[PDB]
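Enquirer:
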Amino acid sequence: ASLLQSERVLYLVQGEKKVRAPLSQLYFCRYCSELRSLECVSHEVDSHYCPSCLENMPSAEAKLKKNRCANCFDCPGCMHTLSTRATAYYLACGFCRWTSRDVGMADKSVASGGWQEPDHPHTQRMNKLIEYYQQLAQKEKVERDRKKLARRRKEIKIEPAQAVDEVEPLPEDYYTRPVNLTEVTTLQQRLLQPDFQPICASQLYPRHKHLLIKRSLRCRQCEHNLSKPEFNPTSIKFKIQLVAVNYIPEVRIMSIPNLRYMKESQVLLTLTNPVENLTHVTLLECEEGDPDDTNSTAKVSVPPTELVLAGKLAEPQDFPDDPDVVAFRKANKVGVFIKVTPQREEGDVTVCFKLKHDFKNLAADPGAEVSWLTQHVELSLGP
Amino acid sequence: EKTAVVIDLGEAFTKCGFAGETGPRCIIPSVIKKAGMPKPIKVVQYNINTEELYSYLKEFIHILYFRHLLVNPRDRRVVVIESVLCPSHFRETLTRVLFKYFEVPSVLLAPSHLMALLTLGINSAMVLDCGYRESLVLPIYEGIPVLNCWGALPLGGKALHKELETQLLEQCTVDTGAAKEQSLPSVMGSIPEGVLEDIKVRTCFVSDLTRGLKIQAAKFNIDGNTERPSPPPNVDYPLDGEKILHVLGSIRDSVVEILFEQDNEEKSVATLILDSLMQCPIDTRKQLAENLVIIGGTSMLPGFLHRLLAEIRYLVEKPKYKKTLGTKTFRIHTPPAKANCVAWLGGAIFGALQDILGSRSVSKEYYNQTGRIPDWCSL
Amino acid sequence: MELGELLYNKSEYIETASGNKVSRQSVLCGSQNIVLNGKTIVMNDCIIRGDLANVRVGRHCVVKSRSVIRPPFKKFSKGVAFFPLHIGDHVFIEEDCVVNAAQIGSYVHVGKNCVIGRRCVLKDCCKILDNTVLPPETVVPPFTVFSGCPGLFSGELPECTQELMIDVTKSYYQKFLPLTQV
Amino acid sequence: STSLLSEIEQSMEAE
Ligand SMILES: Nc1ncnc2c1ncn2[C@@H]1O[C@H](COP(=O)(O)OP(=O)(O)OP(=O)(O)O)[C@@H](O)[C@H]1O
Ligand SMILES: [Mg+2]
Ligand SMILES: [Zn+2]
Ligand SMILES: [Zn+2]
Ligand SMILES: [Zn+2]
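Protein chains in written order, with PDB author numbering: chain Y, 2 to 88, 106 to 171, 219 to 377, 386 to 437, 446 to 464; chain J, 12 to 390; chain V, 1 to 182; chain X, 344 to 358.
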């Protein structure tokens with residue numbers, strides 16, 4: 002991903018929000034010919050899986066277990082999966115040597131299931147309070163429907226919490242005692258256990274590993290899934306694939322000549338479909354698309370060229394020589410020169426231009450093939 | 012009905028989770044890591060253009076809804092805990108983000124103080140929230156927040172961090188370790204916010220009333236002869252590995268005294284409660300005095316509550332409050348949750364009230380029809 | 001941005017029947033036990049330690065210079081031995097890397113100046129950013145960046161990693177042509 | 344499978 006600098010080439014995405022992003026990060030809805038961005042698309046949760054032990058968890062179990070794995074534990078000193086070790107078992111971390119014996123949890127005879135979280139001390143009063151407020155809410159609701167109908171036409222008590230007359234004082238031990246920073250806990254690890262935030266490190270018991278999710282993307286205009294991951298978390302295949310790179314011809318920059326107020330940069334226009342045509346005639350017109358970041362000009366003399374792809386000729390190849398235009402033409406590849414006018418601004422030479430191509434929607446589709454798409458592309462030369 | 016999610020945004024930390032829970036599932040710094048910038052950007056920023064705030068809130072709420080809460084946003088209602096007198100533009104921007112983008116069913120813009128009251132089970136108390144940006148006192152009497160008798164001072168965690176940075180830069184003694192084992196003051200121009208926060212939470216503490224008053228008097232030292240109390244021992248806080256900042260003993264107890272220092276204006280954290288109480292209706296005073304609720308991260312500092320109560324009882328005897336609030340019995344509450352997430356716990360209790368929560372909350376259909384969020388300002 | 005040219009002098013490399021381009025300066029140990037599936041690039045000062053266990057490596061992977069591929073040691077209950085190391089096809093290992101992973105899937109990219117703990121398992125299509133340490137028994141799920149010290153999940157890769165990575169590794173092999181012997 | 348030693352020996356033979 003980062004080996005080739007995808008951020009150099011930014012495609013613009015039409016919609017309510019105007020966003021420039023790399024082609025790899027865009028998704029191409031086939032029902033809506035306009036490609037859609039990650040910000041524009043709607044995200045949904047498809048499945049929960051524990052990252053350490055790649056076990057898929059159903060959503061009901063995720064709610065019951067509070068989005069936490071049943072087995073794995075995250076080390077409190079550093080967020081790393083604690084490993085069970087046998088002497106009769108105890109948790110020990112791999113990066114730092116934080117053992118379960120430090121905080122003082124007795125060794126469990128069974129390997130995995132022995133370890134459990136403490137119960138919240140104030141859960142009983144929480145249940146009492148929520149029950150009382152539920153019945154009060156019921157009374158208020160019944161009053162509301164009574165009033166609505168009028169317009170159209219035992220008990221549970223809770224003892225109030227007692228205010229303490231004298232709060233506990235700061236112990237004298239705080240004065241005249243060196244602070245052992247090993248004993249106290251940093252705020253990050255302290256807040257990792259919000260139920261009982263322990264000031265001492267010996268009272269910071271470990272927590273189960275937080276689950277991750279798989280995301281299913283849905284086009285907002287038409288409720289059609291753009292991408293659907295599979296059930297198995299370790300699986301690499303996707304059920305639905307509508308990534309932009311699979312449909313739009315990808316543009317990359319090959320040559321990066323110097324920007325001393327003159328240059329001639331070569332850029333490749335690779336095709337991804339079996340057959341198509343490309344003609345980058347447009348050069349942003351005048352004040353078309355709002356090329357705010359453009360800081361140069363490219364001639365982009367564009368005779369249309371026909372491209373193909375294969376998973377492995387004179388008129389197709391030799392007659393359209395295009396020596397001043399077409400530099401090199403390999404399989405699913407065509408290089409084109411553009412004369413940049415660099416150093417127009419202070420620096421950071423950026424050129425904006427429009428690339429036109431043809432897409433086969435297959436809605437039924447000769448009319449679909451006849452339709453032409455145009456994408457605004459911002460390249461950023463090194464400068 | 013699906014359980015409603017609960018969000019409490021703050022400058023320092025955001026608390027997130029589900030309703031009807033003993034405590035928040037997630038509590039994180041309110042920042043978003045944008046690519047290319049080393050130090051991340053604060054999500055909740057006031058007085059900025061609405062587009063930037065919209066993008067920040069969008070990214071942060073997406074992180075909350077797909078990294079910490081593992082559930083769709085459309086399915087479940089929202090209970091957003093926003094402090095009273097929160098800036099308006101931030102509030103409508105947040106609701107617009109929740110509705111237009113995420114399409115949640117409805118968001119309840121509950122006030123923090125009333126929610127904090129709900130956790131105890133009482134229906135009247137003087138709720139003081141010592142937030143990051145500022146401390147704020149509000150009295151609640153029978154479920155009615157008395158906005159007329161509000162109070163606020165900018166003595167939250169931000170001022171405390173600034174004071175800590177100033178004191179450290181003054182009495183800086185850091186062992187760089189590269190031929191600088193001796194003290195090398197102010198080797199770094201400015202300490203990052205994280206280091207200051209960790210030093211404050213780990214080392215610093217709130218001293219007793221008498222010790223604090225003696226420290227304040229000895230700061231002037233007008234004709235004084237070693238009147239300061241003996242300080243705690245210095246602590247060698249490691250920075251960046253090799254560097255070792257020798258945090259002096261005096262700072263550890265003198266940095267937090269800015270909260271309780273009067274400074275010829277009669278305005279402090281303790282005096283704030285008395286000032287709010289003296290403005291209340293005549294009948295509401297006693298029930299408000301006997302019921303005091305303290306919430307906020309700053310209140311969690313060790314020895315804060317003892318110093319606060321002692322300072323309240325000390326300032327009551329002064330001539331300004333002697334006539335009215337003289338013979339009063341102040342008593343602090345101990346809510347079930349930690350003071351960081353008492354307001355969240357209140358919002359969570361309110362969330363499980365499924366029947367009322369539909370009517371009280373603002374439906375997305377209403378927002379689309381009108382686009383105006385309810386507020387206690389004139390309509 | 002296409003992959004830039006990276007020329008090498010033909011004298012200090014061996015091109016094999018399967019197409020592996022292994023540098024002469026690379027420290028191959030137990031070469032009878034190592035297996036490369038073809039089109040592999042092993043750069044100079046690469047310490048591939050096949051003398052301990054089967055170190056099999058897939059097609060078109062790139063092992064940049066000063067990188068050590070050492071199979072891990074596992075202490076099982078029955079005794080002790082060295083686990084064989086397996087690397088999938090199309091893996092891009094940056095220079096100054098240390099690899100003790102039990103298994104590295106396909107389409108993986110390890111950042112430069114990285115150390116991988118003992119018996120780590122890297123699933124397919126995962127990235128490790130530069131200056132990162134993965135402690136032992138760390139499992140990287142697919143489509144995730146593991147960065148920091150220790151490596152923690154801090155993002156997700158784009159959708160088209162299976163396509164982008166196989167393009168990048170193929171371009172790297174095709175642009176790794178020998179120097180002109182002028 | 345063709346071990347890397349075999350490939351190195353074949354390359355030496357080619358030279
Ligand atoms: N466990 C703790 N112990 C001590 N101090 C803490 C603790 N947790 C947070 N703090 C400090 O409390 C302050 C944050 O308080 P809090 O989390 O209540 O604010 P917030 O909700 O982020 O902000 P605001 O209410 O102003 O929007 C910061 O100074 C933080 O350092
Ligand atoms: Mg708060
Ligand atoms: Zn697990
Ligand atoms: Zn650890
Ligand atoms: Zn669509």
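A virtual CB, placed ideally from N, CA and C, is assigned to each residue, including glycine.
Between residue 52(Y) and chain V, is there a C-beta pair that is closer than 7 Å?
Expert: Here residue 52(Y) is taken as the residue at index 51 of the first sequence, counted from 1. So yes, residue 52(Y) belongs to the interface.
Enquirer: For the beta strand (DSSP E) containing residue 122(V), list its first residue and its last residue.
Expert: As a first step, residue 122(V) is located in the third sequence; it is residue number 122 there, counting from the start. Here the beta strand (DSSP E) through residue 122(V) covers 114-122.
Enquirer: Which of the three DSSP states, helix, strand or coil, is assigned to residue 82(V)?
Expert: Numbered from 1 along the third sequence, position 82 holds the residue referred to as residue 82(V). Residue state, collapsed to three classes: strand.
Enquirer: Could you please tell me which residues of the region 70-83 of chain Y, in chain order, have their CB closer than 8 Å to any CB of chain V?
Expert: The residues in question are 79, 80, 81, 82.
Enquirer: Between residue 71(V) and chain Y, is any beta-carbon pair separated by less than 7 Å?
Expert: Sequence index remark: in the third sequence, residue 71(V) carries index 71 (1-based). Output row for residue 71(V): interface = no.
Enquirer: Using three-state DSSP, classify residue 313(Y) as helix, strand or coil.
Expert: Numbered from 1 along the first sequence, position 248 holds the residue referred to as residue 313(Y). Residue 313(Y) falls in the coil class under three-state DSSP.
Enquirer: Taking the alpha-carbon of residue 149(V) as reference, which of 78(Y), 171(Y), 326(Y), 290(Y) has the nearest alpha-carbon?
Expert: The sequence position of residue 149(V) within the third sequence is 149, counting from 1. For the residues 78(Y), 171(Y), 326(Y), 290(Y), the minimum Cα distance to residue 149(V) belongs to 78(Y).
Enquirer: What residues from chain J crowd round residue 45(Y), counting only those whose CB sits closer than 7 Å?
Expert: The residue labelled residue 45(Y) in the question sits at position 44 within the first sequence. Those are 83, listed as they occur along chain J.
Enquirer: Using 7 Å as the threshold, is the C-beta distance between residue 380(Y) and residue 365(Y) below it?
Expert: Missing from the coordinates: residue 380(Y), inside the break in chain Y from 377 to 386.
Enquirer: Cβ closer than 7 Å: which chain V residues qualify as neighbours of residue 113(Y)?
Expert: Translated into positions along the first sequence, residue 113(Y) becomes position 95. In chain order: 135, 150.
Enquirer: Which of the three DSSP states, helix, strand or coil, is assigned to residue 18(Y)?
Expert: Working through the first sequence from its first residue, we reach residue 18(Y) at position 17. Here residue 18(Y) sits in coil by DSSP.
Enquirer: Within its chain, find whatever has a CB closer than 8 Å to the CB of residue 54(Y); leave out the 5 residues flanking it on each side and keep chain order.
Expert: What you label residue 54(Y) is simply residue 53 of the first sequence in a count that begins at 1. If we look at residue 54(Y) and ignore the five residues flanking it on each side, its Cβ neighbours are 70, 72, 73.
Enquirer: Rounded to the nearest angstrom, what separates residue 262(J) and residue 254(Y) at their Cα positions?
Expert: Here residue 262(J) refers to the residue found at position 251 when the second sequence is read from its first residue. Here residue 254(Y) refers to the residue found at position 189 when the first sequence is read from its first residue. Looking at the two C-alpha atoms, the distance is approximately 24 Å.
Enquirer: Just checking my contact of residue 316(Y) with residue 462(Y) at CB under 8 Å: how many whole Å lie between their CB atoms?
Expert: Within the first sequence, numbered from 1, the residue matching residue 316(Y) stands at position 251. Within the first sequence, numbered from 1, the residue matching residue 462(Y) stands at position 381. Their Cβ separation, rounded to whole angstroms, is 13 Å, which puts residue 316(Y) and residue 462(Y) out of contact at 8 Å.
Enquirer: Could you work out which residues of chain V lie near residue 283(Y), taking near to mean beta carbons separated by less than 8 Å?
Expert: Residue mapping note: residue 283(Y) aligns to position 218 of the first sequence, counting from 1. Within 8 Å Cβ-Cβ: nothing; residue 283(Y) doesn't reach chain V, min ~14 Å.
Enquirer: Indicate the three-state DSSP secondary structure (helix, strand or coil) for residue 330(J) in the structure shown.
Expert: Residue mapping note: residue 330(J) aligns to position 319 of the second sequence, counting from 1. In this structure, residue 330(J) counts as helix in the three-state DSSP scheme.
Enquirer: Helix, strand or coil for residue 294(Y)? Go by DSSP, reduced to three states.
Expert: As a first step, residue 294(Y) must be located in the first sequence, where it is residue number 229. If DSSP states are grouped into helix, strand and coil, residue 294(Y) belongs with the strands.
Enquirer: Are the CB atoms of residue 306(Y) and residue 158(V) nearer to each other than 7 Å?
Expert: Against the first sequence, residue 306(Y) aligns to sequence position 241. Against the third sequence, residue 158(V) aligns to sequence position 158. Contact: no.
Enquirer: State yes or no: is the C-beta of residue 216(J) within less than 7 Å of the C-beta of residue 240(Y)?
Expert: One-based indexing of the second sequence puts residue 216(J) at position 205. One-based indexing of the first sequence puts residue 240(Y) at position 175. In this structure, residue 240(Y) does not lie closer than 7 Å to residue 216(J) by Cβ.
Enquirer: I'd like to check one pair, residue 135(V) with residue 273(Y): are the Cβ atoms closer than 7 Å?
Expert: If you number the first sequence from 1, residue 273(Y) lands on position 208. If you number the third sequence from 1, residue 135(V) lands on position 135. In this structure, residue 135(V) does not lie closer than 7 Å to residue 273(Y) by Cβ.
Enquirer: At what residues does the alpha helix (DSSP H) containing residue 306(Y) begin and finish?
Expert: Translated into positions along the first sequence, residue 306(Y) becomes position 241. Element bounds for residue 306(Y): not the alpha helix (DSSP H) but the beta strand (DSSP E), 303-306.
Enquirer: Okay, do the region 148-159 of chain J and the region 278-296 of chain J touch, 3+ Cβ pairs below 8 Å being the bar?
Expert: Yes, the region 148-159 of chain J touches the region 278-296 of chain J.
Enquirer: Reducing DSSP to helix, strand and coil, say where residue 343(Y) ends up.
Expert: For the purposes of this step, residue 343(Y) is identified with residue 278 of the first sequence, where counting begins at 1. Of the three classes helix, strand and coil, the one that applies to residue 343(Y) here is strand, per DSSP.
Enquirer: Enumerate in chain order the residues of its own chain whose CB-to-CB distance from residue 256(Y) is below 7 Å, with the five nearest sequence positions on each side excluded.
Expert: Within the first sequence, residue 256(Y) is the residue found at index 191, counting from 1. Result list for residue 256(Y): 262, in chain order.
Enquirer: Who's in the neighbourhood of ligand 5, going by beta-carbon under 6 Å from any heavy atom, listed in chain order?
Expert: Result (chain order): 30(Y), 32(Y), 33(Y), 284(Y), 286(Y), 287(Y), 289(Y).
Enquirer: Would a check of beta-carbon distances place residue 289(Y) closer than 7 Å to chain J?
Expert: Mapped onto the first sequence, residue 289(Y) falls at position 224. By this cut-off, residue 289(Y) is not an interface position.
Enquirer: Check distances from the C-beta atoms of the region 296-319 of chain Y to those of chain J and list, in chain order, the residues that come in under 8 Å.
Expert: Here the close residues number zero.
Enquirer: Which residues in chain Y sit within 9 Å of residue 139(V), going by Cβ to Cβ distance?
Expert: Stepping through the third sequence from its first residue, residue 139(V) is reached at position 139. Going along chain Y in sequence order, the residues near residue 139(V) (Cβ under 9 Å) are 52, 53, 54, 55, 82.
Enquirer: Say whether the region 73-83 of chain J touches the region 16-30 of chain J, bearing in mind that this needs 3 or more beta-carbon pairs closer than 8 Å, one atom from each stretch.
Expert: Segments in contact, yes.
Enquirer: Going by C-alpha distance, which of 37(V), 29(V), 55(V) is nearest residue 45(V)?
Expert: Along the third sequence, one-based indexing puts residue 45(V) at 45. Considering only alpha carbons, the answer is 29(V).
Enquirer: Are the C-beta atoms of residue 302(J) and some chain Y residue less than 7 Å apart?
Expert: Here residue 302(J) is taken as the residue at index 291 of the second sequence, counted from 1. Residue 302(J) counts as touching chain Y.
Enquirer: Could you pull the DSSP bridge partners for residue 453(Y) from this structure?
Expert: Taking the first residue of the first sequence as position 1, residue 453(Y) is located at position 372. Looking at the DSSP assignment, residue 453(Y) forms a beta bridge with 431(Y).
Enquirer: Using 8 Å as the cut-off, can you tell me whether the region 359-372 of chain J makes contact with the region 127-145 of chain V, which would need three or more C-beta pairs spanning the two stretches below that distance?
Expert: No, they do not touch.
Enquirer: Looking at the secondary structure, which residues open and close the alpha helix (DSSP H) in which residue 296(J) lies?
Expert: The residue labelled residue 296(J) in the question sits at position 285 within the second sequence. Its alpha helix (DSSP H) spans residues 296-301.
Enquirer: For residue 153(Y), name the three-state secondary structure that DSSP assigns.
Expert: The residue you call residue 153(Y) lines up with position 135 of the first sequence. Reduced to three states, the DSSP call for residue 153(Y) is helix.
Enquirer: Apart from the five residues just before and just after residue 131(Y), which ones in its own chain have a Cβ nearer than 7 Å to its Cβ?
Expert: Here residue 131(Y) is taken as the residue at index 113 of the first sequence, counted from 1. Nothing meets the Cβ criterion.
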